[PDB]
């Protein structure tokens, strides 16, 4: 009474794709009816209270089973959940109802949520991104090109003043942004309020110098919800265009009250994807990143870490930027998702890239993305200021070559070496980070 | 410079046990130095900024490698982290620093955190449980015996009034508590405020009837942090002794601001372990439940779901109740944990148990635990009120037999059948749920 | 049952050193067991309620007796107190439990607390200093040298405007700081709000003149806790880097709410040690200053008055600045104190010093201290501005001589006199304050 | 090598514990930042007295101290300063 | 090692050597090829705070070849020699500017 194949999904309904590995001697029908039941109005026994409420209308049910090719006791399950049973404008409930305790079931060894479709009716209740891509470019006055960020190294050690100067030299060369590390909060060695005051002196300095709008992501992530709002009251007070938060670690409810506040005040929020690798790593167990990416877009967020490069990564990148995306099973997308005019989230590329990966990342990610160099700028032979001008000239070279109409897959190593002739700073960096 | 075997752990230091499965052709020393590095002040390249800060003092290092018996490329890693580098009174940071992105490393296929030791110095910064076991028994005036809870079925379907009556008949028979399901939040069919008002009428009714203190866990879990606090303002207003929350799904930061509030107001909090089965299921990959149980005790919580039965389950049960627990490798405990006078959390046993599992669960869990019957009370032939008196008389029979000095492993089936002679309600239930 | 010599102290335990003088005819064992009892779970009679609680675990006990050399009925008592019985992050409780009413006991004529050791576990609960030395130098941009302060004389008499001008001339010459007197609060002749406004005009004036960061300690000490916070709201509003407080007279709880507020707002706090001389004067009776200095470091405070010079004073000076300090009985230190990364407090030297004590005070106190001239700057033949330039050139001469590698004990009078040749302002001051 | 030194050496190795000796110059003693010198986890008296005279001489004008290490997990039991700077 | 000199920079394509009138023609050819609407903007002073420049004539809705945009560039260069001038490209489907680069300095 949970497994019903004949059922045809409605438009106002949330649909999910589960990769199921049952215990041997367990049929393909019963283990499918058990996760469809245990997520929504499911109980191990028949109880008398089920005859007063209408169970047929509310119940989630499995309508389609597809066996995974070249895999034994491995098949894809399609379950449909009526729209009414979830609360309005809360990721916390949709997360809680579906993927609650269907995991760690005795009937099955391994379980993995692959994808999740949102009907448009449900999409409307949320705020979504406080700004989006189109809005964000307009506040910063930057067009044509991918935006350039920088992570200060080392992660923990520097004083509040030393942090303030290491940030000053980087934006001076010609970086758009600078970034705080994901584990710096209110460490004893540098308190947050001191770090917040010295970074304020270095942005105004390099702003009046180069003559461009500069920024720095001020990590706001705090243990309690008072502290978080109170730290943010101070960033608004020093006229900071951007701050940043880790959503997975603080929780969805922490991330929610923030985004409402951020739309209230017109500050752009960066989101780091800290602690992602423990859930989405295993191909048999966990939840796929694309589910969490949607959940982020809906919670709200102007930027998001996507990870560096392939067929799978462009699946959930075009899923966060485009208004309408089509079902493509090879890419990794199981359902047709339609966003109701909701603004797009900008892709952030960070983690071990130098001036030779420069042709590869402008072509794949395109124009609406942020390129972030942790080790690639500071570790320049000549310091932070020459290391910045190195990465700036190398981006602008590939963007000019692309417009005129050159393939950057073919002439990728060619444009970097021409540019290396008239600029001294790129000649010493081409030498160091070789092939 | 990360792998140092000669090192001897200090007392003010956090120690961790990782079960490591490297890629073939990867030595046992390098993959151990890579997770010790990548969790704390670790970078793929040598950077110049490392010479200004003192790297030797802050770095986490591997001091002991133990190969797993009967397993190839499988060994246990012991890493020590200095105390200073974590922020004070926040699970969010300790979770973020250690098990951040050491998972999904290319050098290794499978990784599992087994255990985590807290030095006493770090333990003091937290609030911990808002009350604890000793405090909780004193507010409810219940001694000698395990406490009896009830989960209303079905999970989603009933109206606010029908819910109010199905709860009234259960506490009338002689249950201590009634419980909301983990996926009911603010569903369209019953809004939270209506459910909160009818449950208030049925507790006062059965309180003035039987002449005992009765309760019901009011699920507070909400999408945003305003809504959560605002719903709780209403439960305090109707003079409710208990509410409940799902900590994994809402996040640790959501669960934190709540517990501070709950100690502020003197309401007992139940915690459901929804969505546990996806992380702790696999013996090669994830984090063991005992790590998350500690993290809960420290975050705070008066009750916690432990799961029904064995050598492993009594490991983390005596770990949550006792003030001092000794290292036992067969039980599953790797380190000597010492709690600094921090109150204990009460064990909650729920998931598919009837009146014949009654002798087995009083002996193993002992006296300081809550026994919860989802399907076992409602599905009684005679209804909710006789189904409650059935489970009440069967507990009190085993508790009397235990005191006099009878083994409940030997005379377990004997005490249930003697009691079945003078009470009609247990005679019809002994019949139904057989062997 | 209180005197147990066999006992070996644990690490998570607070230990105390008492200098005891019993009444004649009182053994050395009973008067030691009486102060160990009367401070913690001690009563003159056996009561029945002691058989319900576990007395053995909670009780403080004397483990070692050392007779004082060359003294009759005078000996050092060592008592150990379990960690659990004190409340967390409150000096108020530790002061209350120990040195409550063990003083004024009929069994003993005189009693003196010499020292007090804090286990690291207890130290972590406190905020401690809002900034510390390293943090404080970074906000003011002053390196190499001791910092120079000035006390305006007379103590009570001047109008709000006359105070404003007498502060202007001093910082103009080249003092770092100016200071309010310990008895100026809200006197009828100059109201605080008027004094707070005129000092704001004179700092901005001398800041734009000499081209350095200047400061003035604004005494905030107020009768009630509303007034104190409300006066401080005004100091933050005029962008004042420093204020100051008297901690002994206002009490520890007043000083506490302040320090929390000060870390919240990023203002540096000076602490005057007014009313110290009545407790710590007598060598037979009272509490030693080193106990109160510890108590200050933990309460919080960026500066502290240490008093002018010797073997005793350097004992509690290296105790407030250093991270780790070793047991030295000759110096006056009884226990091994270990601070858990807690920032250091800067020494303040004030009370009757001139330009000839200049060589002696740079060598003994070192580099991280504040030298303050009350009578030495104003009482210059030529006024406040030349009197400032006199003390400035005399400090910079001794700091340059020290670096090159000259002993300031042998060549101390020599460097002051060869500086007197090229500056006219030091030649008239060398004349006046002679030998 | 005093009489207090060899009794503690014998008391450490009579427990089944291993000895580690550590030195520090006066500057890094502030922050309690000591280091290992010679051979670690020493399990006999003559290896202890030989590398004690190696380290008294190798780092003369520094602090030197002896550690008693329980080989079970490498847990620090007993710490005692032998040599102090002049 | 070399120290980086202080330079006042001008948004996109300013770290590359000043553009030749052929490099100008290729970048506007890309605007008309993708189907976006090229336009000319001028301002007296260049600052990070101001985000609206004075618009030159109208956006050229009927632009077939890249030479018609170059002739509008030289006529504004002739009219205002002591002005900052830049060429932008409006998109009509996504409602946002794709390209913004500075051609003449006062």
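Odds and ends about this structure:
- Residue in region B:227-241 that is touching a strand residue (DSSP E or B) at 6+ places or on another chain (Cβ under 7 Å) and within 12 Å of chain A (Cβ to nearest Cβ) present: no
- In the condition set (1) more than 17 Å from residue A:144 (Cβ to Cβ); (2) surrounded by fewer than 15 Cβ atoms within 10 Å (Cβ to Cβ); (3) more than 14 Å from the chain's Cα centre (by Cα), residue E:33 is compliant with all but (1).
- Condition check for residue B:254: facing chain A (nearest Cβ under 7 Å) and under 30 Å from residue B:71 (Cα atoms): no
- Residue pairs whose Cβ atoms lie under 7 Å apart, sitting 6 or more positions apart in sequence or on different chains, and linking a residue in region E:1-29 that is within 7 Å of another protein chain (Cβ to nearest Cβ) to a partner that is in a helix (DSSP H, G or I) and surrounded by fewer than 18 Cβ atoms within 10 Å (Cβ to Cβ), are E:2/A:424; E:6/A:209; E:26/A:404.
- The single condition among (1) surrounded by fewer than 11 Cβ atoms within 10 Å (Cβ to Cβ); (2) within 28 Å of residue A:175 (Cα to Cα) that residue E:57 does not meet is (2).
- Selected residue [under 23 Å from residue A:290 (Cα atoms) and more than 13 Å from chain B (Cβ to nearest Cβ)] from A:69, A:82, A:22: A:69
- Each residue in region A:375-410 was checked for being more than 12 Å from chain E (Cβ to nearest Cβ) and touching a helix residue (DSSP H, G or I) at 6+ places or on another chain (Cβ under 7 Å), and 6 pass.
- Scanning region D:43-76 for residues that are surrounded by fewer than 19 Cβ atoms within 10 Å (Cβ to Cβ), within 17 Å of residue D:15 (Cβ to Cβ) and within 14 Å of another protein chain (Cβ to nearest Cβ) yields D:43, D:70, D:71, D:72, D:73, D:75, D:76.
Here's the yes/no breakdown for (1) buried (at least 19 other Cβ atoms within 10 Å of the Cβ); (2) assigned to a helix (DSSP H, G or I):
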site: A:330; (1), (2): no, no
site: A:349; (1), (2): yes, no
site: A:355; (1), (2): yes, no
site: A:367; (1), (2): no, no
site: A:371; (1), (2): yes, no
site: A:381; (1), (2): no, no
site: A:388; (1), (2): yes, yes
site: A:391; (1), (2): yes, yes
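- Residues in region A:1-29 that are more than 19 Å from residue A:55 (Cβ to Cβ) and not in a loop (DSSP other than H, G, I, E, B): A:15, A:16, A:17, A:18, A:19, A:20, A:21, A:22.
- Total residues in region C:33-80, condition surrounded by 10 or more Cβ atoms within 10 Å (Cβ to Cβ) and closer than 13 Å to residue C:4 by Cα: 15
- Failed item, numbered, when residue A:106 is tested on (1) within 13 Å of chain B (Cβ to nearest Cβ); (2) more than 26 Å from residue B:351 (Cα to Cα); (3) surrounded by fewer than 18 Cβ atoms within 10 Å (Cβ to Cβ): (2)
- Test for residue A:116: is it more than 8 Å from chain B (Cβ to nearest Cβ), surrounded by 16 or more Cβ atoms within 10 Å (Cβ to Cβ), touching a helix residue (DSSP H, G or I) at 6+ places or on another chain (Cβ under 9 Å) and within 29 Å of residue B:247 (Cβ to Cβ): yes
- Residue match in region C:319-327 (condition: in the same structural domain as residue C:251 (by CATH) and on the phi > 0 side of the Ramachandran plot): no
- Residue match in region B:85-92 (condition: more than 16 Å from residue A:187 (Cβ to Cβ) and more than 11 Å from chain A (Cβ to nearest Cβ)): no
- In region A:174-199, the residues that are more than 30 Å from residue B:227 (Cα to Cα) and over 27 Å from the mean Cα position of the chain (by Cα): A:188, A:189, A:190, A:191, A:194, A:197, A:198
- For region B:262-280, filtered to residues that are over 30 Å from residue A:107 (Cβ atoms) and surrounded by 18 or more Cβ atoms within 10 Å (Cβ to Cβ), the residue that is farthest from the other protein chains (Cβ to nearest Cβ) is B:268.
- At least 1 residues being in contact with a strand residue (DSSP E or B) (Cβ under 6 Å, 6 or more places away or on another chain) and under 30 Å from residue A:220 (Cα atoms) is the threshold, and among the strands (runs of 3 or more DSSP E) wholly inside region B:65-175 those reaching it are B:75-82, B:108-117.
- Of B:12, B:49, B:1, all but one fail to be facing chain A (nearest Cβ under 8 Å) and touching a helix residue (DSSP H, G or I) at 6+ places or on another chain (Cβ under 9 Å); the exception is B:49.
- Qualifying residue in region B:193-205 (condition: at the interface with chain A (Cβ under 10 Å from one of its Cβ atoms) and either surrounded by 22 or more Cβ atoms within 10 Å (Cβ to Cβ) or assigned to a helix (DSSP H, G or I) (or both)): no
- Just one residue in the set E:18, E:106 is within 20 Å of residue A:395 (Cα to Cα) and out of contact with any helix residue (DSSP H, G or I) (no Cβ under 9 Å at 6 or more places or on another chain); that residue is E:18.
Heads up, the Cβs are rebuilt from the backbone with ideal geometry, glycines too, and the neighbour counts pull from every protein chain shown. All of this is worked out from the model, or read from it or from the source named; nothing here is a laboratory result.
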